[PDB]
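*Asks:* Going left to right, the first sequence walks through residues 498 to 574 as the authors' numbering numbers them.
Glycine included, every Cβ here is placed at the ideal spot set by N, Cα and C.
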Amino acid sequence: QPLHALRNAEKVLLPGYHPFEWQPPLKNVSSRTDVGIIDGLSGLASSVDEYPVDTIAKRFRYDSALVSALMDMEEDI
DNA sequence: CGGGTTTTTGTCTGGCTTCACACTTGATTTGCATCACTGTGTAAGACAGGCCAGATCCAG
């Protein structure tokens with residue numbers, strides 16, 4: 498298959514594609530279930546007045562990552 | 001320099017396939033250009049200069 502077909506099929510495996518909900522709502526955690534690669538700094542202030550920032554980071558959301566991991570192991574279970 | 005004897009083929013002949021060929025338009029799928037960067041360049045040798053040490057020389 499050409500590259501666009503592969504890229505399109507990739508979206509099924511990445512986190513933020515399957516619906517779910519926690520029965521007790523998670524405190525201080527959003528309920529939206531389509532986030533992908535959240536920024537690592539998490540909205541950290543990067544102006545000139547605050548503490549200087551000299552790092553970069555990328556990461557998924559924890560619950561979405563667990564959901565994707567569990568869905569990747571459906572046939573096994 | 002050209003006579004015999006099979007190969008190598010396009011047809012004649014007209015009549016049966018299986019694919020070929022006008023139009024759309026709205027998607028859907030491929031194909032290709034573009035952009036900010038990457039690695040491989042990766043240990044020793046030649047030469048001048050300050051510094052004492054000790055040899056080189058001076059004079060009572």
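Measure the alpha-carbon distance for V526 versus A542 and round it to whole angstroms.
*Replies:* Approximately 20 Å, taken between the alpha carbons.
*Asks:* Taking three-plus beta-carbon pairs below 8 Å as touching, is the region 508 to 522 in contact with the region 558 to 565?
*Replies:* Result yes; three or more Cβ-Cβ pairs closer than 8 Å.
*Asks:* Let me check understanding here. Comparing Cα to Cα, which of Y559, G537, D546 and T530 lies closest to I553?
*Replies:* Answer by Cα proximity: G537.
*Asks:* Which word fits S561, buried or exposed, when buried means at least 16 other C-beta atoms lie within 10 angstroms of its C-beta?
*Replies:* The residue is buried, with at least 16 neighbouring Cβ atoms inside 10 Å.
*Asks:* DSSP on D560, reduced to helix/strand/coil?
*Replies:* Note: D560 maps to helix in three-state DSSP.
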